[PDB]
Structures are given as C-alpha cells and as structure tokens.
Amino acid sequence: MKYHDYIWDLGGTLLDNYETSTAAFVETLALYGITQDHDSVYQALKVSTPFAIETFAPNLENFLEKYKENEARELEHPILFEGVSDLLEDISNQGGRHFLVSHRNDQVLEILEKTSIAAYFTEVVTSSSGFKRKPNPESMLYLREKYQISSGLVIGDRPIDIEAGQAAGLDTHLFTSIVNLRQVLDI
C-alpha cells in the first residue's frame, strides 16, 4: 500500500461535472431545434463555457441563462466518475485517509452528500477555510501539518493540482481515469 493519505480534487477527478453540464447543454440546444453530439459538447465545455457557446450557440437568445437553469437541475443528481466510491472504499479498507481541497464555497458539501461520498473525507477544505487557490500550496501544507502527512498522494486533473502538490512536498497523480489510478496503485 504505497500511500496512506489521499488529497483529492472534486471536479474532473471524483465528480464528472462535465457530464451533467453536457447533458444540460445538449438539452438546451434542443430547445432551439439544434442537435449536437455528446462527445463534442463535452470536449468543448472542458475548454471553456465561452468556447462551447461561441462554437454551438453564438446567437441563440437567452441560451446561457436557460443552460444554467438546466445545469442546476442536472446537479440535483450529480454524477461521479465510474468506480469512484469503490476506489474510496478499497483505500479506506487499508487504513487510508481521504481529504478534499476545493476552491468552491460550501456547495461542495452538498455535492458530497448527494453523491454519498461525504463519509469518506477526514476533512474537506472549501473556500470558507480562507486559503489561497492552487497552485499555491497553502491549503495542502495546512493539511500536511494538521494531519501529519508523511505518505501522501495529491490527485487532480489539472496542472495547478500537480503544482500545488509538488510545492507541498507530496507525490502527485494527474488523473485521467479511475481504472488508470487503480493500475498505478495496484488496488
């Protein structure tokens, strides 16, 4: 068991936020009589919302407003990446601890409840903890000190996650899939 402590990222790592957003974006396009495929919309949103709108909905009246309403509805039932809860469990079964660092406010906590993974986290750091944003290592150094982390892995989907982890003296994993993370961990 290579690491004891796991410092997670939510969006793009545990939470498939682009899936719920894609569902909302595709359904909003349909209101205007427009069909676009899942994979194109998903990739466009991963670039940015302005890119997705300029690409697929540049002159659709009230599109953003309606899209955001549909997205909020989708997020009544957020979607984790496939296999997340089983991986969290396998790690916890070996005595591992899970932490979460987010730049978002305390809505994070609602998402963890709705997806039934709140029980996994020893501590969830949100913006209300007052720390600087990644890639600044402040929040991960706080966790390292408070929880006396000697064997920690920082998992996130973006460069800033890796940079924060490195600057905090922790090993990192650039998340692409749950299966691949399992392969790296032998678990």
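We number the residues from 1 along the sequence you see.
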query: Taking only the CA atoms, which stretch has the higher mean B-factor in the record, 64 to 72 or 114 to 122?
result: 64 to 72
- line: Quick note on 88 to 96 and 73 to 81: per-entry mean CA temperature factor is higher in 73 to 81
statement: Of the residues 42, 51, 32, 131, the one whose Cα carries the largest B-factor in the deposited record is 32
message: Ranking the modelled residues of this chain by C-alpha B-factor as given in the entry, is residue 37 in the lowest, middle or highest third?
response: middle
message: Quick check on the deposited entry: does the C-alpha B-factor of residue 140 sit in the lowest, middle or highest third of its chain?
response: middle
query: What third of the chain, by the recorded C-alpha B-factor, contains residue 166?
result: highest
- prompt: Against its chain's modelled residues, does residue 149's Cα B factor rank lowest, middle or highest third?
  reply: middle
task: Grab the CA temperature factor for residue 187 from the record and place it in the lowest, middle or highest third of its chain.
output: middle
